Amino acid sequence: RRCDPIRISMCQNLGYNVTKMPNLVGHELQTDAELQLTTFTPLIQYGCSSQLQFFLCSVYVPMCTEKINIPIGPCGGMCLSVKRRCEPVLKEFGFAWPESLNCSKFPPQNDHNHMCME
Amino acid sequence: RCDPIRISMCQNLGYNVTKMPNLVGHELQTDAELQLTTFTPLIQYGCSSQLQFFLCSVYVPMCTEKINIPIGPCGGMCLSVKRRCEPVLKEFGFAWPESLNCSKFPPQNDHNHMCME
Amino acid sequence: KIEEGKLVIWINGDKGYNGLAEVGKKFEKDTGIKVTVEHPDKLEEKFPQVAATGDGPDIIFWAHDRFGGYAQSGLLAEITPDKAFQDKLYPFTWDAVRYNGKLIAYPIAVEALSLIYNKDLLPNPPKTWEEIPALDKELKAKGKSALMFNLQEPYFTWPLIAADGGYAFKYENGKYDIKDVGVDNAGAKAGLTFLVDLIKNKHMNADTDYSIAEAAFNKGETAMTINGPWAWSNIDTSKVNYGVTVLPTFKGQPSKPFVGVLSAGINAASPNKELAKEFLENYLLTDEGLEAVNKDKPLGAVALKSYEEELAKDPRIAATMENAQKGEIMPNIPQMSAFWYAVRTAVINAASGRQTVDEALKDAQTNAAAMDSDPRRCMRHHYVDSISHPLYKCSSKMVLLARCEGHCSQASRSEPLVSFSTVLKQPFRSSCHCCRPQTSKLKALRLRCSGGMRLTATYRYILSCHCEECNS
Amino acid sequence: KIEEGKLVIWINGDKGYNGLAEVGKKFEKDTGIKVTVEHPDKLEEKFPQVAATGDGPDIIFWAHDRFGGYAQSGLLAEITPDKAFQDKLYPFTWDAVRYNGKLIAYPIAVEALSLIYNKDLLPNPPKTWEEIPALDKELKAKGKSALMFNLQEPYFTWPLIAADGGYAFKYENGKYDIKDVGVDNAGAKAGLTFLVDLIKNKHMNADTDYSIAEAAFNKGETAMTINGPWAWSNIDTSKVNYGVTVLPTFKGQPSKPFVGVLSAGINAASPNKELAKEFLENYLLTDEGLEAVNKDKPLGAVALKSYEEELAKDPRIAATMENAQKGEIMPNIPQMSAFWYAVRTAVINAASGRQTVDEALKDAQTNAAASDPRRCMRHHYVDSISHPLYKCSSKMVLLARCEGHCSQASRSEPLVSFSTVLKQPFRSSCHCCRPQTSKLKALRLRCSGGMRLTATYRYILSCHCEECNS
């Protein structure tokens, strides 16, 4: 089976324009993902990390190719680089880093074995 | 200072400013456009690629706020256009007009004179 | 696994599900088509998943705000009620169930905040917000207060803000413009400023919540409050002689509470569209049908004019309908999620005095008001490619790559330089911006090539791109 | 000052203007709306000027290629013919009167090149281009030639070129894609190659023109030619028994001549749009209406199927329609101006043997581009030249500089490197606006307290987008 187009507005212009559900958080459709993604808009508009938007879009609406079965999300390298910058901003506005964006769940690096986006 | 180009076909060019009166004798741009549009068959035919620039350089010449005199085309351009377009005029019942006389324009963009190639 | 020749309806447990089955039995008693009503837990979570595969119910019952998301995925079917039937229901309820012009569900009920007041302490309620400050000082002499409600959540505080021309998103032509937010404008500005005045004038506490709001009114310690139909059951228990009326008018204009609309959509995967359509139109939406559901558990206000007029005899339901008609219908777009934290942040900061009114609303306009990114910019594009050496017959592996591409917004040029004697410079002084890597890191890959050696293949993985000069 | 409550129509003098007034009288004889048909000189020049101010006619008659220019200015109004009426005309004629989706005028007639053959010298004409070389050598024995026509102008030579898949601009969705020129592809490549073969095989002369083309066929010195309906009146006078038929098929495919379409559009300034609409639909476009116009002067082929089928009885008109249906509809865009000199340059150079077929068409592909306001173009400006250090009198001088955004997207693609030898990490591509051609200049400066030093600088003659690393 081939891949689908990205129906979400904020995650259209990225490095890719193709995605496959379900996503890495647990959403089965993109309409539900967008319902939860838009709550990150203050953190994006604030700009703790410049890569935040790409990181969020790589999770909630992950890259996919019809050459490979498994989807392509971000790495631990990206996650830790974003969490370092943005967790202090969340903590000061009364929020903690969510379980859904756990950097331990994602792989360490774009290995020969695994594969993810930096 | 100089004025902006109100003519439609001669807007997008190497320049965007002009000063009346022009080199043919027109005192206003409205009159220049009224006579420029008679060259539309020769443009549509496409005898010379530089034809439009040459016509726009005469009827609505380039001008600068740093110099008094206006800036028209050279004899080098005129002769290169006339060579190509006179045979097209002859076969459509026309000759090269006195208003576009290549002798009136200078030979090249010299130290003394100044014009667009 | 889909039902053909029978109906199966999903509705939440707190709704009158036994009452809907009464109508389901009447449909079986007439048509010879059995109707199975059922109430699963988290049906709004379930419905997208089951409908996407093709399974699920024929009809689905939920508030209208959620249906916009289902309609976008194409899980609901397009309904076709004639002009005659469209007149049966109120005009504003039809607007709540409309995605990109096409009608996607039938309205049923109408929920909205209403002004609940104490009849003993206050026989005649206030028509205006402006007179409440004056009313409170009179009740403070008696050891009471005028008005108390949940200031924390935006849902309860919004009616005052939206009165003078505030809005979440503009709904101009059966479509919600996401980049058209009205929290920063003078309408919303004046409402919140009046609300903040009440707080620092000691008519109201900034840190009042839903618990203290209800507890105050139930003990007769405040003359008024603001809450929906759901909280009537608690107020009945407190034995406070009470009445529900229209919300007060701020600066002449009416207060606009957010309006929920219990709706009933048909599934696209359902083969029983005709059967489902008649059940909703002919059987359910009638004075007999709605009474059957309302008797089990109350719907409150209803879309159908005929039965609503009968139910409006109870002044509480009539007050809910009047607040609904005047109120703002809640956006069904998913960008509404950002609205809640935005106003809740701005309200609490404006209430505590940590931030001013004008600053808080300007930050809400920035953080939760939709900018798109440009598709032709110089950005970092991603792709997959199988790496293999050209002159070596052996294996290969799938690897992720990243390349730069896009049109730089700077204009390239090349103006000629003047060279004098003893100063022979370049012929031209050019400028030109190319989309290129700003930051990159090394990569490598051992290649297990049988009948030879395992040699490594290196390439640079791009981390970021930027427009830089040609000569650099 | 527009006419209200009455009609006034403009149409060229060579058209059947008295015949159209007959239908104009019929509209007055039914409706009670007087219609004044008139034929001013250079009406296509007049129409933009008069319509721009608000004056002018209600209906306007001209070839469809010029309506694209009027439609861009917004001088023509949008017509609204129902599906029933759209079926009356041929489908391809509707495509000729369409600017940016909106229909701007009603089609009337159809002009297109057709194969004229000499019945005496050749009773049955050739269906294929490839057999002409063989036919010519048989006629050269009898002191004649097979085919002769105007090789100079592209209009006459294009049908052969466009046969195997050549085209000026691709017209896919009621719109001409300007950046989609089909002069360089293999379709146009093979046609011009076959044309050049005919020239150097002495079947045809490179320097043949319209004068020699007609003069040859009229005196019975050539068996065939290629020309429109306009030249029939002359051939009738020559008393050469002739016939007009379908154009020959190159490599199986049909030859695609440019098709003109006499069209009738409504002025935007007109308040009588509905009145004008009825006249064109109900009164004019009927077997009675078009016959009244055709009787005065012939339209040849027509868009309306009913009358066309009657006119097709004459095999000449039927041949024009067959060539028109198969033919390429002529672009109404003003970017078409560049196409004409491009192909006319490529054809003459390929015919004379001055340039090859592949090179000539590649240059035509490039030069046709020649219009965007942000493109890499040659800007002119003035600057006073003065010597650094040595204080000297300055002179005001013209310069030319390149500036603009190249339309190609710049990239930087990663390279795979095995050996530890000094390699580039990235293989990038990026186009910069730079000077293509320039010439040297000089300028003496009258420096008192020293000597007259000269200042050198290059005057730019043309710009073009080229690679960053070049």
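- Structure determination for this entry, per the PDB record, employed X-ray crystallography and reached 3.800 Å resolution.

**A look at the packing of helix α15 (residues 337–352) of chain C against helix α16 (residues 357–367) of chain C**
Residue and element names in this part refer to chain C.
Move 1: Packing of α15 against α16 leaves a shortest axis separation of 9 Å and a crossing angle of 165°. With respect to each other, α15 and α16 are oriented roughly antiparallel. Every pair of crossing elements has a handedness; the one defined by α15 and α16 is right-handed. Across from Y341, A342, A346 and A350 in α15, the residues of α16 making contact are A360, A364 and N367.

**Focus: helix α12 (residues 287–296) of chain D**
Move 1: Among the residues of α12 of chain D, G289, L290, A292, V293 and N294 of chain D are the ones counted as buried.
Move 2: Buried residues along α12 of chain D sit in contact with α1 (17–30), α11 (273–284), β18 (301–302) and α13 (305–311) of chain D.

**Considerations on the side chain of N110 of chain A**
Move 1: Mapping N110 of chain A onto the fold places it in the segment after α4 (76–92).
Move 2: At a separation of 3.4 Å, a polar atom in the side chain of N110 of chain A contacts the main-chain amide nitrogen of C116 of chain A.
Move 3: In contact with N110 of chain A, other than residues within four places in its own chain, are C75, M115, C116 and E118 of chain A together with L400, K443 and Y461 of chain C.

**Description of the state of the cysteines**
All names here are of chain C.
Move 1: On inspection of all chains with the given rule, the structure shows 21 disulfides over all chains.
Move 2: Between the sulfur atoms of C378 and its disulfide partner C435 the distance amounts to 2.0 Å. Judged by the torsion about the S-S bond (80°), the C378/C435 disulfide is right-handed. Of this pair, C378 sits in the loop between α16 and β18 (379–387) while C435 sits in strand β23 (residues 433–443), and the two are 57 residues apart along the sequence. By the burial criterion, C378 is buried, and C435 matches it.

**Some words on the interface of chain C and chain A**
Move 1: Listed as interface residues are 37 residues of chain C and, on the opposing side, 30 residues of chain A.
Move 2: With both sides pooled, the region where chain C packs onto chain A buries about 2900 Å², and carbon together with sulfur makes up 56% of that total.
Move 3: Its largest share of buried area at the contact with chain A, chain C owes to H382, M398 and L400 of chain C, together 19% of the area lost on that side.
Move 4: Scanning the region where chain C abuts chain A turns up 1 salt bridge.
Move 5: Across the pair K441 of chain C and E118 of chain A runs a salt bridge whose closest N-O atoms are separated by 3.0 Å.
Move 6: Across the contact surface, chain C and chain A share 13 residue pairs in polar contact.
Move 7: Put simply, the parts of the chain that give the side of chain C that touches chain A at least two residues each are α2 (43–53), α3 (64–73), α15, α16, β18, β19 (397–406), β23 and β24 (459–469) of chain C.

**Brief notes about the environment of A190 of chain D**
Residues and elements named next belong to chain D.
Move 1: Mapping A190 onto the fold places it in helix α8 (residues 186–200).
Move 2: Judged by its relative accessible area of 22%, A190 is partly exposed.
Move 3: When the C-alpha positions of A190 and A162 are compared, they lie 9.5 Å apart, and in sequence the two are 28 residues distant.
Move 4: The contact partners of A190, leaving out residues within four places of it in the chain, are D164, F250 and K251.

**Side note on the sheet that holds strand β1 (residues 7–10) of chain D**
Residue and element names in this part refer to chain D.
Move 1: Reading across the sheet, the 5 strands line up as β2-β1-β3-β17-β6 and stay open at both edges, with mixed pairing between neighbours. Here the strands that pair on one side only, and so sit at the sheet edges, are β2 (35–38) and β6 (105–107). The mean angle between the axes of side-by-side strands here comes to 20°, regardless of whether they run parallel or antiparallel.
Move 2: As paired elements, β6 and strand β17 (residues 262–266) share 3 bridges and run antiparallel to each other. By the bridge assignment, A105 is partnered in β17 with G265.
Move 3: Each of β1, β2 and β3 (59–63) is contacted by α1, which is oriented at about 175° to β2, the strand it contacts most.
Move 4: Contacting β1, β3, β6 and β17, α11 crosses the sheet at an angle of about 150° to β17.

**Description of the packing of aromatic side chains**
The geometry of two aromatic rings is summed up by the distance between their centres and the angle between their planes.
Move 1: Counted under the stated rule, the structure contains 44 aromatic pairs over all chains.
Move 2: Taken together, a centroid distance of 4.4 Å and an interplanar angle of 20° make the contact between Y171 of chain C and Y176 of chain C stacked.
Move 3: Judged by its relative accessible area of 10%, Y176 of chain C falls in the buried class.
Move 4: Between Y155 of chain D and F156 of chain D the ring centres are 5.3 Å apart and the planes differ by 85°, which places this aromatic pair in the edge-to-face class. Both residues of the pair, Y155 of chain D and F156 of chain D, count as buried.
Move 5: Counting every residue linked through ring pairs, the aromatic cluster contains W158, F169, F258, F339 and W340 of chain D.
Move 6: When the ring centre of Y383 of chain C is taken as origin, the NZ or CZ atom of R403 of chain C, which lies over that ring, is 4.8 Å away.

**So, the pattern of salt bridges**
Residues and elements named next belong to chain C.
Move 1: For the structure shown, the criterion picks out 39 salt bridges over all chains.
Move 2: Its salt-bridge partner being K42, residue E45 comes within 3.2 Å of it at the nearest N-O pair.
Move 3: The class of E45 is partly exposed, set by a relative accessible area of 37%.
Move 4: Judged by relative accessible area, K42 falls into the partly exposed class, the value being 40%.
Move 5: Linked by salt bridges that have partners in common, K42, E45 and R66 make up one network.

**Some remarks on the sheet that holds strand β12 (residues 222–227) of chain C**
Residues and elements named next belong to chain C.
Move 1: Read from one edge to the other, the open sheet built from 4 strands follows the order β9-β12-β8-β13, with strand pairing classed as mixed. Single-partner strands in this sheet number two, and they are β9 (145–147) and β13 (242–245). In this sheet, adjacent strand axes meet at a mean angle of 25° when their direction is disregarded.
Move 2: Pairing of strand β8 (residues 114–118) with β12 involves 4 bridges; the strand directions are antiparallel. Note on β12: the bridge partner recorded for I116 is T225.
Move 3: Along the sheet, helix α9 (residues 210–218) contacts β8, β12 and β13; its crossing angle with β12, the most-contacted strand, is approximately 135°.

**With respect to the arrangement of the chains**
Move 1: Out of 3 pairs of chains that touch, the pair holding the most contacts is chains C and D.
Move 2: Over all C-alpha pairs, chain A and chain B never come within contact, reaching a minimum spacing of 33 Å.

**Quick look at the packing of α8 of chain D against helix α16 (residues 357–367) of chain D**
Residue and element names in this part refer to chain D.
Move 1: Close contact between α8 and α16 brings their axes to 10 Å; oriented N to C, the two are set at 130°. When the axes of α8 and α16 are compared, the pair comes out oblique. At the point where α8 passes α16, the crossing takes the right-handed sense. Every residue of α16 that contacts α8 at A188, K189, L192, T193 and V196 is listed here: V357, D358 and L361.

**Quick look at the pairing of strand β12 (residues 222–227) of chain D**
Residue and element names in this part refer to chain D.
Move 1: Burial analysis of β12 places 6 of its 6 residues in the buried class, the great majority of the element.
Move 2: Pairing of strand β8 (residues 114–118) with β12 involves 4 bridges; the strand directions are antiparallel. Counted as the bridge partner of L115 is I226 from β12.
Move 3: Across 2 bridges, the pairing between strand β9 (residues 145–147) and β12 is parallel. Paired with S145 across the two strands is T222, which belongs to β12.

**Observations concerning the interface of chain D and chain C**
Move 1: Contacts between the two partners involve 44 residues from chain D and, on the opposite side, 42 residues from chain C.
Move 2: The junction of chain D with chain C conceals about 3300 Å² of combined surface from both sides, 61% of it contributed by carbon and sulfur atoms.
Move 3: In this structure, the connection of chain D to chain C is made through 1 salt bridge.
Move 4: The partner of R413 of chain C in a salt bridge is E403 of chain D, with the nearest N and O atoms 3.3 Å apart.
Move 5: Linking chain D to chain C there are 9 residue pairs in polar contact.
Move 6: Contributing elements (two or more residues each) for the side of chain D that touches chain C: β20 (377–385), β21 (395–404), β22 (410–414), β23 (426–429), β24 (431–441) and β27 (456–467) of chain D.

**With respect to the environment of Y106 of chain D**
All names here are of chain D.
Move 1: Among the secondary structure elements, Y106 is positioned in strand β6.
Move 2: On the basis of relative accessibility, which here comes to 0%, the residue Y106 falls in the buried class.
Move 3: Taking C-alpha positions, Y106 is 32 Å from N150, a pair spaced 44 residues apart along the chain.
Move 4: With residues near it in sequence (within four places) discarded, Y106 still touches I79, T80, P81, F85, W94, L262, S263, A264, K277, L280, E281 and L285.
Move 5: Polar contacts involving the side chain of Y106 include one to the side chain of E281, which spans 3.0 Å.

Rules used throughout
Residues numbered from 1 in each chain as written, not as in the entry; some residues may be left out. Chains lettered and ligands numbered in written order. Heavy atoms only, no water. Axes fitted to C-alpha atoms, helices over the stretch in contact; angles between N-to-C directions. Helix = DSSP H or I, 4+ residues; strand = E, 2+ residues; numbered from the N terminus. Parallel < 35°, antiparallel > 145°, perpendicular 65-115°, else oblique. Left-handed = near helix turned anticlockwise from the far one by under 90°. Contact = heavy atoms within 4.5 Å. Buried < 20%, exposed > 50% of the residue type's maximum accessible area, 1.4 Å probe, protein only. Polar contact = N/O pair within 3.5 Å; in protein donor to acceptor, adjacent residues only side chain to side chain. Disulfide = S-S within 2.5 Å. Buried area = accessible area lost by both parts, 1.4 Å probe. Salt bridge = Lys/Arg side-chain N within 4 Å of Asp/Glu carboxyl O. Pairing = 2+ DSSP bridges. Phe/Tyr/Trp six-rings, centres within 6.5 Å; stacked < 30°, edge-to-face > 60°. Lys NZ or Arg CZ within 6 Å of the ring centre and 35° of its normal.

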